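Here is upload-v9.txt, consisting of compact mmCIF, N, CA and C atoms and all ligand atoms:
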```
# COMPACT_ATOMS: atom_id res chain seq x y z
N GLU A 1 78.54 -45.14 175.72
CA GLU A 1 78.91 -43.73 175.70
C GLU A 1 80.33 -43.50 176.22
N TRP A 2 80.70 -44.18 177.31
CA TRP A 2 82.03 -44.00 177.89
C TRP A 2 83.13 -44.28 176.87
N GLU A 3 83.02 -45.40 176.13
CA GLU A 3 84.07 -45.76 175.18
C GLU A 3 83.98 -44.95 173.89
N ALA A 4 82.80 -44.44 173.53
CA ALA A 4 82.67 -43.61 172.33
C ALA A 4 83.29 -42.24 172.53
N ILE A 5 83.10 -41.66 173.72
CA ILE A 5 83.77 -40.42 174.08
C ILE A 5 85.27 -40.65 174.24
N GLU A 6 85.66 -41.74 174.91
CA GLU A 6 87.08 -42.06 175.08
C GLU A 6 87.79 -42.09 173.73
N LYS A 7 87.07 -42.48 172.68
CA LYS A 7 87.67 -42.61 171.36
C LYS A 7 87.78 -41.25 170.67
N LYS A 8 86.77 -40.39 170.88
CA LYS A 8 86.82 -39.03 170.35
C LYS A 8 87.94 -38.23 170.99
N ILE A 9 88.11 -38.37 172.31
CA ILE A 9 89.18 -37.68 173.01
C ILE A 9 90.54 -38.17 172.54
N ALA A 10 90.71 -39.49 172.42
CA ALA A 10 91.99 -40.03 171.97
C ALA A 10 92.34 -39.54 170.57
N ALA A 11 91.34 -39.39 169.70
CA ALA A 11 91.60 -38.89 168.36
C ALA A 11 91.98 -37.42 168.39
N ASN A 12 91.44 -36.67 169.35
CA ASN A 12 91.78 -35.25 169.44
C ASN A 12 93.23 -35.08 169.89
N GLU A 13 93.64 -35.82 170.92
CA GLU A 13 95.03 -35.80 171.36
C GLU A 13 95.97 -36.19 170.22
N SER A 14 95.59 -37.16 169.38
CA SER A 14 96.50 -37.58 168.32
C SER A 14 96.70 -36.46 167.30
N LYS A 15 95.61 -35.78 166.96
CA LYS A 15 95.59 -34.67 166.04
C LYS A 15 96.26 -33.43 166.61
N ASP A 16 96.17 -33.26 167.93
CA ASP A 16 96.78 -32.13 168.67
C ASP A 16 98.30 -32.33 168.64
N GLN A 17 98.73 -33.59 168.57
CA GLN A 17 100.15 -33.93 168.55
C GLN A 17 100.75 -33.77 167.15
N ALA A 18 99.96 -34.08 166.11
CA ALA A 18 100.43 -33.88 164.74
C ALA A 18 100.54 -32.39 164.42
N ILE A 19 99.63 -31.59 164.97
CA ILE A 19 99.73 -30.14 164.86
C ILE A 19 101.02 -29.65 165.49
N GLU A 20 101.34 -30.15 166.69
CA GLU A 20 102.59 -29.75 167.34
C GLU A 20 103.80 -30.07 166.46
N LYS A 21 103.80 -31.22 165.80
CA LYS A 21 104.94 -31.56 164.96
C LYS A 21 105.07 -30.60 163.78
N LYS A 22 103.94 -30.27 163.15
CA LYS A 22 103.98 -29.33 162.03
C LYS A 22 104.48 -27.96 162.49
N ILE A 23 104.15 -27.57 163.72
CA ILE A 23 104.60 -26.27 164.22
C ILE A 23 106.11 -26.26 164.42
N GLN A 24 106.68 -27.35 164.94
CA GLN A 24 108.13 -27.40 165.10
C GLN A 24 108.83 -27.29 163.75
N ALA A 25 108.31 -27.98 162.73
CA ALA A 25 108.92 -27.89 161.40
C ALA A 25 108.86 -26.46 160.87
N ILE A 26 107.78 -25.74 161.18
CA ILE A 26 107.64 -24.35 160.76
C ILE A 26 108.65 -23.47 161.47
N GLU A 27 108.81 -23.66 162.78
CA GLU A 27 109.74 -22.86 163.56
C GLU A 27 111.16 -23.05 163.07
N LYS A 28 111.51 -24.27 162.64
CA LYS A 28 112.85 -24.52 162.13
C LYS A 28 113.08 -23.80 160.80
N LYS A 29 112.08 -23.82 159.90
CA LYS A 29 112.22 -23.09 158.65
C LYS A 29 112.40 -21.60 158.90
N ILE A 30 111.62 -21.04 159.83
CA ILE A 30 111.76 -19.63 160.17
C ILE A 30 113.16 -19.34 160.73
N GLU A 31 113.65 -20.17 161.66
CA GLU A 31 115.01 -20.07 162.26
C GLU A 31 116.04 -19.95 161.11
N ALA A 32 115.87 -20.84 160.12
CA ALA A 32 116.83 -20.89 159.02
C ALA A 32 116.83 -19.58 158.25
N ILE A 33 115.65 -19.01 158.01
CA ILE A 33 115.54 -17.74 157.32
C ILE A 33 116.23 -16.64 158.11
N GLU A 34 115.97 -16.57 159.42
CA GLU A 34 116.52 -15.47 160.21
C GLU A 34 118.04 -15.54 160.33
N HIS A 35 118.66 -16.68 160.03
CA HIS A 35 120.12 -16.80 160.03
C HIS A 35 120.68 -16.85 158.62
N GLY A 36 120.13 -16.03 157.72
CA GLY A 36 120.65 -15.89 156.37
C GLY A 36 120.83 -17.18 155.60
N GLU B 1 74.74 -34.17 181.73
CA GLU B 1 76.19 -34.20 181.95
C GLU B 1 76.92 -34.70 180.70
N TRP B 2 76.35 -35.71 180.03
CA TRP B 2 77.00 -36.26 178.84
C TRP B 2 76.90 -35.29 177.66
N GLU B 3 75.76 -34.63 177.50
CA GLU B 3 75.59 -33.75 176.35
C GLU B 3 76.45 -32.49 176.46
N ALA B 4 76.78 -32.07 177.68
CA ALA B 4 77.68 -30.93 177.82
C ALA B 4 79.10 -31.32 177.42
N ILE B 5 79.52 -32.53 177.79
CA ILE B 5 80.82 -33.04 177.36
C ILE B 5 80.86 -33.13 175.84
N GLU B 6 79.78 -33.62 175.23
CA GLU B 6 79.76 -33.75 173.78
C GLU B 6 79.90 -32.40 173.10
N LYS B 7 79.32 -31.35 173.69
CA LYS B 7 79.42 -30.01 173.09
C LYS B 7 80.83 -29.46 173.21
N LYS B 8 81.48 -29.69 174.36
CA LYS B 8 82.86 -29.25 174.54
C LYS B 8 83.79 -29.94 173.55
N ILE B 9 83.55 -31.22 173.28
CA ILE B 9 84.38 -31.96 172.34
C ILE B 9 84.18 -31.45 170.92
N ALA B 10 82.94 -31.14 170.54
CA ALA B 10 82.70 -30.64 169.19
C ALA B 10 83.35 -29.28 169.00
N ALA B 11 83.34 -28.44 170.04
CA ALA B 11 84.01 -27.15 169.98
C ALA B 11 85.52 -27.33 169.86
N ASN B 12 86.09 -28.33 170.54
CA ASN B 12 87.53 -28.54 170.47
C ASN B 12 87.95 -28.95 169.06
N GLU B 13 87.13 -29.76 168.38
CA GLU B 13 87.44 -30.16 167.01
C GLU B 13 87.38 -28.98 166.04
N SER B 14 86.46 -28.05 166.29
CA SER B 14 86.33 -26.88 165.42
C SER B 14 87.57 -26.00 165.52
N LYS B 15 88.04 -25.74 166.75
CA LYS B 15 89.27 -24.97 166.95
C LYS B 15 90.48 -25.68 166.37
N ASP B 16 90.63 -26.97 166.67
CA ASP B 16 91.77 -27.70 166.14
C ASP B 16 91.79 -27.64 164.60
N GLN B 17 90.62 -27.62 163.95
CA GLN B 17 90.54 -27.55 162.48
C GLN B 17 90.88 -26.15 161.93
N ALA B 18 90.43 -25.10 162.62
CA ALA B 18 90.83 -23.75 162.24
C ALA B 18 92.34 -23.59 162.29
N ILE B 19 92.97 -24.11 163.35
CA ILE B 19 94.42 -24.04 163.47
C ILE B 19 95.09 -24.70 162.28
N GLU B 20 94.51 -25.80 161.79
CA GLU B 20 95.10 -26.52 160.67
C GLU B 20 95.03 -25.71 159.38
N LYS B 21 93.96 -24.95 159.21
CA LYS B 21 93.84 -24.08 158.04
C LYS B 21 94.90 -22.99 158.09
N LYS B 22 95.04 -22.34 159.24
CA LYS B 22 96.07 -21.33 159.41
C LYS B 22 97.46 -21.89 159.13
N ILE B 23 97.76 -23.08 159.65
CA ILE B 23 99.08 -23.67 159.41
C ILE B 23 99.32 -23.84 157.92
N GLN B 24 98.30 -24.24 157.18
CA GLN B 24 98.44 -24.35 155.73
C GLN B 24 98.84 -23.02 155.11
N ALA B 25 98.21 -21.92 155.55
CA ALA B 25 98.54 -20.62 154.99
C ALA B 25 99.97 -20.22 155.35
N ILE B 26 100.40 -20.52 156.58
CA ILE B 26 101.76 -20.19 156.99
C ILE B 26 102.79 -20.90 156.11
N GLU B 27 102.57 -22.18 155.83
CA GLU B 27 103.50 -22.94 155.00
C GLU B 27 103.65 -22.31 153.62
N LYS B 28 102.56 -21.79 153.06
CA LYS B 28 102.62 -21.15 151.75
C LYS B 28 103.46 -19.88 151.80
N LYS B 29 103.21 -19.01 152.78
CA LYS B 29 103.98 -17.78 152.90
C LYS B 29 105.46 -18.07 153.09
N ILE B 30 105.78 -19.07 153.92
CA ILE B 30 107.18 -19.37 154.19
C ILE B 30 107.87 -19.88 152.94
N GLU B 31 107.17 -20.65 152.11
CA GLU B 31 107.80 -21.10 150.88
C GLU B 31 108.00 -19.94 149.91
N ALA B 32 107.12 -18.93 149.93
CA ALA B 32 107.32 -17.76 149.08
C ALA B 32 108.55 -16.98 149.51
N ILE B 33 108.75 -16.84 150.82
CA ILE B 33 109.96 -16.20 151.33
C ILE B 33 111.20 -17.02 150.98
N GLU B 34 111.12 -18.35 151.08
CA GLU B 34 112.33 -19.20 150.88
C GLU B 34 112.99 -18.87 149.54
N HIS B 35 112.22 -18.85 148.46
CA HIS B 35 112.74 -18.68 147.10
C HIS B 35 111.78 -17.71 146.40
N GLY B 36 112.03 -16.42 146.57
CA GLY B 36 111.16 -15.40 146.02
C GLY B 36 111.30 -15.23 144.52
N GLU C 1 84.50 -41.97 185.62
CA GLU C 1 85.25 -41.49 184.45
C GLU C 1 84.81 -40.03 184.16
N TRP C 2 83.61 -39.65 184.62
CA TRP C 2 83.09 -38.31 184.34
C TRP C 2 84.13 -37.23 184.61
N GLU C 3 84.63 -37.18 185.84
CA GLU C 3 85.56 -36.12 186.21
C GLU C 3 86.92 -36.33 185.55
N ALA C 4 87.32 -37.58 185.30
CA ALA C 4 88.56 -37.82 184.58
C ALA C 4 88.44 -37.38 183.13
N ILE C 5 87.27 -37.57 182.52
CA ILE C 5 87.05 -37.09 181.17
C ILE C 5 87.18 -35.57 181.13
N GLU C 6 86.51 -34.89 182.06
CA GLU C 6 86.59 -33.43 182.09
C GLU C 6 88.02 -32.95 182.34
N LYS C 7 88.82 -33.72 183.08
CA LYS C 7 90.21 -33.33 183.29
C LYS C 7 91.03 -33.47 182.01
N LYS C 8 90.77 -34.52 181.22
CA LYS C 8 91.44 -34.66 179.93
C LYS C 8 91.05 -33.52 178.99
N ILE C 9 89.78 -33.13 179.00
CA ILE C 9 89.31 -32.06 178.12
C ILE C 9 89.94 -30.73 178.50
N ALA C 10 90.00 -30.44 179.81
CA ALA C 10 90.66 -29.22 180.27
C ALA C 10 92.10 -29.15 179.79
N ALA C 11 92.79 -30.30 179.77
CA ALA C 11 94.16 -30.33 179.27
C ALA C 11 94.22 -30.10 177.76
N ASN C 12 93.27 -30.64 176.99
CA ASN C 12 93.27 -30.38 175.55
C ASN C 12 93.07 -28.89 175.27
N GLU C 13 92.26 -28.22 176.09
CA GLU C 13 91.93 -26.82 175.85
C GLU C 13 93.14 -25.92 176.08
N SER C 14 93.85 -26.14 177.19
CA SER C 14 95.02 -25.32 177.47
C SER C 14 96.12 -25.58 176.45
N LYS C 15 96.27 -26.84 176.04
CA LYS C 15 97.24 -27.20 175.01
C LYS C 15 96.90 -26.54 173.68
N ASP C 16 95.61 -26.47 173.33
CA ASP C 16 95.25 -25.82 172.08
C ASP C 16 95.43 -24.31 172.19
N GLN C 17 95.28 -23.76 173.41
CA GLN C 17 95.43 -22.32 173.61
C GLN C 17 96.88 -21.89 173.43
N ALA C 18 97.80 -22.65 174.02
CA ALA C 18 99.23 -22.44 173.80
C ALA C 18 99.57 -22.48 172.32
N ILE C 19 98.94 -23.37 171.56
CA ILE C 19 99.19 -23.44 170.13
C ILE C 19 98.65 -22.20 169.43
N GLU C 20 97.48 -21.72 169.88
CA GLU C 20 96.90 -20.49 169.35
C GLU C 20 97.85 -19.30 169.53
N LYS C 21 98.49 -19.21 170.70
CA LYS C 21 99.40 -18.12 170.98
C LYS C 21 100.62 -18.17 170.07
N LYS C 22 101.18 -19.36 169.86
CA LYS C 22 102.33 -19.50 168.98
C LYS C 22 101.97 -19.14 167.54
N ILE C 23 100.75 -19.46 167.11
CA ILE C 23 100.34 -19.13 165.75
C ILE C 23 100.29 -17.62 165.57
N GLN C 24 99.71 -16.90 166.55
CA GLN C 24 99.71 -15.44 166.53
C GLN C 24 101.13 -14.91 166.34
N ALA C 25 102.06 -15.36 167.18
CA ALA C 25 103.42 -14.85 167.14
C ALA C 25 104.09 -15.18 165.81
N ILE C 26 103.83 -16.37 165.27
CA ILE C 26 104.44 -16.73 163.99
C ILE C 26 103.88 -15.86 162.87
N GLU C 27 102.58 -15.57 162.93
CA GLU C 27 101.95 -14.75 161.90
C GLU C 27 102.52 -13.33 161.91
N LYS C 28 102.77 -12.77 163.10
CA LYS C 28 103.39 -11.45 163.20
C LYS C 28 104.81 -11.48 162.64
N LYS C 29 105.60 -12.47 163.05
CA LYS C 29 106.98 -12.52 162.63
C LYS C 29 107.11 -12.72 161.13
N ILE C 30 106.16 -13.42 160.50
CA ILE C 30 106.23 -13.62 159.06
C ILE C 30 106.01 -12.30 158.32
N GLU C 31 105.02 -11.52 158.74
CA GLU C 31 104.80 -10.23 158.10
C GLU C 31 105.99 -9.31 158.31
N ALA C 32 106.54 -9.29 159.52
CA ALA C 32 107.76 -8.53 159.75
C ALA C 32 108.90 -9.05 158.89
N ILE C 33 109.02 -10.37 158.75
CA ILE C 33 110.08 -10.88 157.89
C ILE C 33 109.84 -10.43 156.45
N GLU C 34 108.57 -10.32 156.02
CA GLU C 34 108.30 -9.90 154.64
C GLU C 34 108.58 -8.41 154.48
N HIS C 35 108.39 -7.64 155.55
CA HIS C 35 108.60 -6.19 155.44
C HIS C 35 110.02 -5.89 155.02
N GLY C 36 110.96 -6.59 155.63
CA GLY C 36 112.36 -6.40 155.33
C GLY C 36 113.12 -7.69 155.13
TB TB D 1 92.50 -30.17 170.50
TB TB D 2 74.10 -36.99 172.73
TB TB D 3 83.59 -31.30 187.18
ZN ZN D 4 85.72 -46.34 178.68
ZN ZN D 5 88.53 -48.43 176.94
ZN ZN D 6 80.33 -32.19 184.65
```

As structure tokens, how would this structure be written, given the file I've shared?
Amino acid sequence: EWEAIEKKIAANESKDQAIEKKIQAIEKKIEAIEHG
Amino acid sequence: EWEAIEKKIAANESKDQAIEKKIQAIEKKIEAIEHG
Amino acid sequence: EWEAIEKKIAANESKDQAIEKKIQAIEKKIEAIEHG
């Protein structure tokens, strides 16, 4: 159980980090729009 | 104790997945604005 | 590991909450950007 949960948590952090990257790319596109 | 942790983890995956759906919708709107 | 697991989960939750807040703000700004 300890290692099966450890693996689920590690996968969540990895996915939480890929979400963060997609958000930065979105913020940059928006930045570009707001500066004509 | 273990089953409560398992429930918290399943809830975290559900939220993380909803966020991913929303991000998909945002990308579509931003591309419509880019080149209308 | 019990309490260390719960500490990792608490961190995932606050991190996902911060992402939730940014999504709200981005969704508002996109509609405002579409308005004008
Ligand atoms: Tb998460
Ligand atoms: Tb179980
Ligand atoms: Tb505790
Ligand atoms: Zn372990
Ligand atoms: Zn291990
Ligand atoms: Zn506990």

Work out how far atom ZN of ligand ZN 4 (chain D) is from atom N of residue 7 (chain A), in Å to one decimal.
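Distance between the two atoms: 7.3 Å.
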
Neighbour list for residue 12 (chain C) as a ChimeraX atom specification, cut-off 8 Å, only C-alpha atoms, skip fewer than 4 positions in-chain
/A:12-13,16 /B:12 /C:8,16

Residues of chain A no more than 9 Å from chain B, counting only C-alpha atoms: send them over as a compact mmCIF listing (two decimals) with N, CA and C atoms, keeping the file's coordinate frame.
```txt
# COMPACT_ATOMS: atom_id res chain seq x y z
N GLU A 1 78.54 -45.14 175.72
CA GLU A 1 78.91 -43.73 175.70
C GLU A 1 80.33 -43.50 176.22
N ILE A 5 83.10 -41.66 173.72
CA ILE A 5 83.77 -40.42 174.08
C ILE A 5 85.27 -40.65 174.24
N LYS A 8 86.77 -40.39 170.88
CA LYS A 8 86.82 -39.03 170.35
C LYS A 8 87.94 -38.23 170.99
N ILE A 9 88.11 -38.37 172.31
CA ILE A 9 89.18 -37.68 173.01
C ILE A 9 90.54 -38.17 172.54
N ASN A 12 91.44 -36.67 169.35
CA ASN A 12 91.78 -35.25 169.44
C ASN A 12 93.23 -35.08 169.89
N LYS A 15 95.61 -35.78 166.96
CA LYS A 15 95.59 -34.67 166.04
C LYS A 15 96.26 -33.43 166.61
N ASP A 16 96.17 -33.26 167.93
CA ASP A 16 96.78 -32.13 168.67
C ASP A 16 98.30 -32.33 168.64
N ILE A 19 99.63 -31.59 164.97
CA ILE A 19 99.73 -30.14 164.86
C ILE A 19 101.02 -29.65 165.49
N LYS A 22 103.94 -30.27 163.15
CA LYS A 22 103.98 -29.33 162.03
C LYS A 22 104.48 -27.96 162.49
N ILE A 23 104.15 -27.57 163.72
CA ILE A 23 104.60 -26.27 164.22
C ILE A 23 106.11 -26.26 164.42
N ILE A 26 107.78 -25.74 161.18
CA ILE A 26 107.64 -24.35 160.76
C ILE A 26 108.65 -23.47 161.47
N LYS A 29 112.08 -23.82 159.90
CA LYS A 29 112.22 -23.09 158.65
C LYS A 29 112.40 -21.60 158.90
N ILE A 30 111.62 -21.04 159.83
CA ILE A 30 111.76 -19.63 160.17
C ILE A 30 113.16 -19.34 160.73
N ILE A 33 115.65 -19.01 158.01
CA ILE A 33 115.54 -17.74 157.32
C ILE A 33 116.23 -16.64 158.11
```

Chain fit, chain B moved to chain A over all Cα pairs in order, as a PDB file with N, CA and C atoms, in the frame of the given file:
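In the end it all went to part_36.pdb:
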```
ATOM      1  N   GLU B   1      78.153 -45.429 175.527  1.00  0.00           N
ATOM      2  CA  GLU B   1      78.241 -43.965 175.548  1.00  0.00           C
ATOM      3  C   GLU B   1      79.621 -43.509 176.031  1.00  0.00           C
ATOM      4  N   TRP B   2      80.167 -44.201 177.040  1.00  0.00           N
ATOM      5  CA  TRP B   2      81.472 -43.811 177.575  1.00  0.00           C
ATOM      6  C   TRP B   2      82.595 -44.161 176.596  1.00  0.00           C
ATOM      7  N   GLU B   3      82.507 -45.313 175.944  1.00  0.00           N
ATOM      8  CA  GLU B   3      83.587 -45.725 175.055  1.00  0.00           C
ATOM      9  C   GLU B   3      83.647 -44.869 173.790  1.00  0.00           C
ATOM     10  N   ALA B   4      82.519 -44.294 173.377  1.00  0.00           N
ATOM     11  CA  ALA B   4      82.559 -43.391 172.232  1.00  0.00           C
ATOM     12  C   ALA B   4      83.251 -42.084 172.607  1.00  0.00           C
ATOM     13  N   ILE B   5      82.989 -41.588 173.817  1.00  0.00           N
ATOM     14  CA  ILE B   5      83.686 -40.404 174.313  1.00  0.00           C
ATOM     15  C   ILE B   5      85.182 -40.682 174.390  1.00  0.00           C
ATOM     16  N   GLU B   6      85.557 -41.863 174.883  1.00  0.00           N
ATOM     17  CA  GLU B   6      86.972 -42.185 175.001  1.00  0.00           C
ATOM     18  C   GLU B   6      87.653 -42.199 173.645  1.00  0.00           C
ATOM     19  N   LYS B   7      86.945 -42.649 172.604  1.00  0.00           N
ATOM     20  CA  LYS B   7      87.539 -42.684 171.258  1.00  0.00           C
ATOM     21  C   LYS B   7      87.711 -41.284 170.698  1.00  0.00           C
ATOM     22  N   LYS B   8      86.725 -40.406 170.933  1.00  0.00           N
ATOM     23  CA  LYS B   8      86.833 -39.022 170.484  1.00  0.00           C
ATOM     24  C   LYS B   8      88.003 -38.315 171.158  1.00  0.00           C
ATOM     25  N   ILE B   9      88.229 -38.599 172.437  1.00  0.00           N
ATOM     26  CA  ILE B   9      89.329 -37.979 173.163  1.00  0.00           C
ATOM     27  C   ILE B   9      90.671 -38.475 172.643  1.00  0.00           C
ATOM     28  N   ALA B  10      90.780 -39.769 172.339  1.00  0.00           N
ATOM     29  CA  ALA B  10      92.045 -40.289 171.830  1.00  0.00           C
ATOM     30  C   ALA B  10      92.353 -39.701 170.463  1.00  0.00           C
ATOM     31  N   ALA B  11      91.326 -39.498 169.632  1.00  0.00           N
ATOM     32  CA  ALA B  11      91.512 -38.863 168.337  1.00  0.00           C
ATOM     33  C   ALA B  11      91.947 -37.411 168.504  1.00  0.00           C
ATOM     34  N   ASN B  12      91.411 -36.705 169.505  1.00  0.00           N
ATOM     35  CA  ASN B  12      91.783 -35.310 169.703  1.00  0.00           C
ATOM     36  C   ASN B  12      93.253 -35.192 170.098  1.00  0.00           C
ATOM     37  N   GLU B  13      93.755 -36.131 170.909  1.00  0.00           N
ATOM     38  CA  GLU B  13      95.163 -36.112 171.295  1.00  0.00           C
ATOM     39  C   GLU B  13      96.087 -36.381 170.107  1.00  0.00           C
ATOM     40  N   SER B  14      95.641 -37.234 169.186  1.00  0.00           N
ATOM     41  CA  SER B  14      96.453 -37.550 168.010  1.00  0.00           C
ATOM     42  C   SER B  14      96.606 -36.322 167.121  1.00  0.00           C
ATOM     43  N   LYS B  15      95.499 -35.606 166.868  1.00  0.00           N
ATOM     44  CA  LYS B  15      95.553 -34.366 166.090  1.00  0.00           C
ATOM     45  C   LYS B  15      96.380 -33.300 166.786  1.00  0.00           C
ATOM     46  N   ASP B  16      96.131 -33.083 168.077  1.00  0.00           N
ATOM     47  CA  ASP B  16      96.895 -32.075 168.794  1.00  0.00           C
ATOM     48  C   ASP B  16      98.404 -32.378 168.720  1.00  0.00           C
ATOM     49  N   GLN B  17      98.795 -33.658 168.704  1.00  0.00           N
ATOM     50  CA  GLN B  17     100.215 -34.044 168.623  1.00  0.00           C
ATOM     51  C   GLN B  17     100.810 -33.835 167.215  1.00  0.00           C
ATOM     52  N   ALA B  18     100.031 -34.137 166.175  1.00  0.00           N
ATOM     53  CA  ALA B  18     100.473 -33.833 164.819  1.00  0.00           C
ATOM     54  C   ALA B  18     100.738 -32.347 164.647  1.00  0.00           C
ATOM     55  N   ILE B  19      99.839 -31.506 165.171  1.00  0.00           N
ATOM     56  CA  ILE B  19     100.024 -30.064 165.091  1.00  0.00           C
ATOM     57  C   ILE B  19     101.334 -29.653 165.735  1.00  0.00           C
ATOM     58  N   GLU B  20     101.703 -30.317 166.836  1.00  0.00           N
ATOM     59  CA  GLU B  20     102.928 -29.970 167.542  1.00  0.00           C
ATOM     60  C   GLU B  20     104.167 -30.313 166.722  1.00  0.00           C
ATOM     61  N   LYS B  21     104.102 -31.399 165.969  1.00  0.00           N
ATOM     62  CA  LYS B  21     105.213 -31.766 165.090  1.00  0.00           C
ATOM     63  C   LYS B  21     105.375 -30.726 163.992  1.00  0.00           C
ATOM     64  N   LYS B  22     104.273 -30.352 163.350  1.00  0.00           N
ATOM     65  CA  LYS B  22     104.312 -29.315 162.334  1.00  0.00           C
ATOM     66  C   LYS B  22     104.882 -28.011 162.881  1.00  0.00           C
ATOM     67  N   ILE B  23     104.448 -27.602 164.073  1.00  0.00           N
ATOM     68  CA  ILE B  23     104.965 -26.358 164.650  1.00  0.00           C
ATOM     69  C   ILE B  23     106.474 -26.434 164.806  1.00  0.00           C
ATOM     70  N   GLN B  24     106.988 -27.584 165.208  1.00  0.00           N
ATOM     71  CA  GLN B  24     108.436 -27.750 165.304  1.00  0.00           C
ATOM     72  C   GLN B  24     109.113 -27.496 163.966  1.00  0.00           C
ATOM     73  N   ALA B  25     108.540 -28.027 162.875  1.00  0.00           N
ATOM     74  CA  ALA B  25     109.144 -27.829 161.568  1.00  0.00           C
ATOM     75  C   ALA B  25     109.087 -26.357 161.159  1.00  0.00           C
ATOM     76  N   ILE B  26     107.977 -25.678 161.466  1.00  0.00           N
ATOM     77  CA  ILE B  26     107.857 -24.264 161.129  1.00  0.00           C
ATOM     78  C   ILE B  26     108.940 -23.437 161.824  1.00  0.00           C
ATOM     79  N   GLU B  27     109.180 -23.703 163.103  1.00  0.00           N
ATOM     80  CA  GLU B  27     110.194 -22.963 163.849  1.00  0.00           C
ATOM     81  C   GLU B  27     111.569 -23.108 163.206  1.00  0.00           C
ATOM     82  N   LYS B  28     111.883 -24.294 162.690  1.00  0.00           N
ATOM     83  CA  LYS B  28     113.170 -24.514 162.038  1.00  0.00           C
ATOM     84  C   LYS B  28     113.285 -23.689 160.762  1.00  0.00           C
ATOM     85  N   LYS B  29     112.266 -23.734 159.903  1.00  0.00           N
ATOM     86  CA  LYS B  29     112.297 -22.963 158.668  1.00  0.00           C
ATOM     87  C   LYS B  29     112.424 -21.474 158.948  1.00  0.00           C
ATOM     88  N   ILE B  30     111.689 -20.982 159.952  1.00  0.00           N
ATOM     89  CA  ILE B  30     111.720 -19.555 160.243  1.00  0.00           C
ATOM     90  C   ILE B  30     113.092 -19.138 160.737  1.00  0.00           C
ATOM     91  N   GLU B  31     113.765 -19.992 161.506  1.00  0.00           N
ATOM     92  CA  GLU B  31     115.104 -19.630 161.941  1.00  0.00           C
ATOM     93  C   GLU B  31     116.083 -19.645 160.771  1.00  0.00           C
ATOM     94  N   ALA B  32     115.869 -20.507 159.768  1.00  0.00           N
ATOM     95  CA  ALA B  32     116.731 -20.496 158.589  1.00  0.00           C
ATOM     96  C   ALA B  32     116.560 -19.208 157.803  1.00  0.00           C
ATOM     97  N   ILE B  33     115.319 -18.739 157.673  1.00  0.00           N
ATOM     98  CA  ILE B  33     115.067 -17.453 157.028  1.00  0.00           C
ATOM     99  C   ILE B  33     115.677 -16.309 157.835  1.00  0.00           C
ATOM    100  N   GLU B  34     115.575 -16.358 159.166  1.00  0.00           N
ATOM    101  CA  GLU B  34     116.032 -15.212 160.005  1.00  0.00           C
ATOM    102  C   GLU B  34     117.477 -14.849 159.659  1.00  0.00           C
ATOM    103  N   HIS B  35     118.372 -15.828 159.636  1.00  0.00           N
ATOM    104  CA  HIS B  35     119.809 -15.605 159.450  1.00  0.00           C
ATOM    105  C   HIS B  35     120.283 -16.696 158.482  1.00  0.00           C
ATOM    106  N   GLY B  36     120.157 -16.423 157.192  1.00  0.00           N
ATOM    107  CA  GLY B  36     120.503 -17.395 156.174  1.00  0.00           C
ATOM    108  C   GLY B  36     121.997 -17.573 155.990  1.00  0.00           C
TER     109      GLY B  36
END
```

Separation of atom N of residue 21 (chain A) from CA of residue 18 (chain B) in Å
15.4 Å

Find the distance between CA of residue 28 (chain B) and CA of residue 14 (chain B) and write it in Å to one decimal.
22.0 Å

Once N, CA, C and O atoms are restored for region 14-21 of chain C, what would the output be as an mmCIF file, in the coordinates of the input?
```cif
data_model
loop_
_atom_site.group_PDB
_atom_site.id
_atom_site.type_symbol
_atom_site.label_atom_id
_atom_site.label_comp_id
_atom_site.auth_asym_id
_atom_site.auth_seq_id
_atom_site.Cartn_x
_atom_site.Cartn_y
_atom_site.Cartn_z
ATOM 1 N N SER C 14 93.850 -26.140 177.190
ATOM 2 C CA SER C 14 95.020 -25.320 177.470
ATOM 3 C C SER C 14 96.120 -25.580 176.450
ATOM 4 O O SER C 14 96.784 -24.642 175.995
ATOM 5 N N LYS C 15 96.270 -26.840 176.040
ATOM 6 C CA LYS C 15 97.240 -27.200 175.010
ATOM 7 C C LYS C 15 96.900 -26.540 173.680
ATOM 8 O O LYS C 15 97.790 -26.063 172.976
ATOM 9 N N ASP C 16 95.610 -26.470 173.330
ATOM 10 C CA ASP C 16 95.250 -25.820 172.080
ATOM 11 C C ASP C 16 95.430 -24.310 172.190
ATOM 12 O O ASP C 16 95.644 -23.634 171.183
ATOM 13 N N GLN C 17 95.280 -23.760 173.410
ATOM 14 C CA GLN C 17 95.430 -22.320 173.610
ATOM 15 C C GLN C 17 96.880 -21.890 173.430
ATOM 16 O O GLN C 17 97.163 -20.879 172.778
ATOM 17 N N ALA C 18 97.800 -22.650 174.020
ATOM 18 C CA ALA C 18 99.230 -22.440 173.800
ATOM 19 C C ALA C 18 99.570 -22.480 172.320
ATOM 20 O O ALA C 18 100.410 -21.698 171.849
ATOM 21 N N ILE C 19 98.940 -23.370 171.560
ATOM 22 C CA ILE C 19 99.190 -23.440 170.130
ATOM 23 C C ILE C 19 98.650 -22.200 169.430
ATOM 24 O O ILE C 19 99.260 -21.673 168.499
ATOM 25 N N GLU C 20 97.480 -21.720 169.880
ATOM 26 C CA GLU C 20 96.900 -20.490 169.350
ATOM 27 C C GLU C 20 97.850 -19.300 169.530
ATOM 28 O O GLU C 20 98.012 -18.474 168.627
ATOM 29 N N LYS C 21 98.490 -19.210 170.700
ATOM 30 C CA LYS C 21 99.400 -18.120 170.980
ATOM 31 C C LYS C 21 100.620 -18.170 170.070
ATOM 32 O O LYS C 21 101.052 -17.133 169.545
#
```
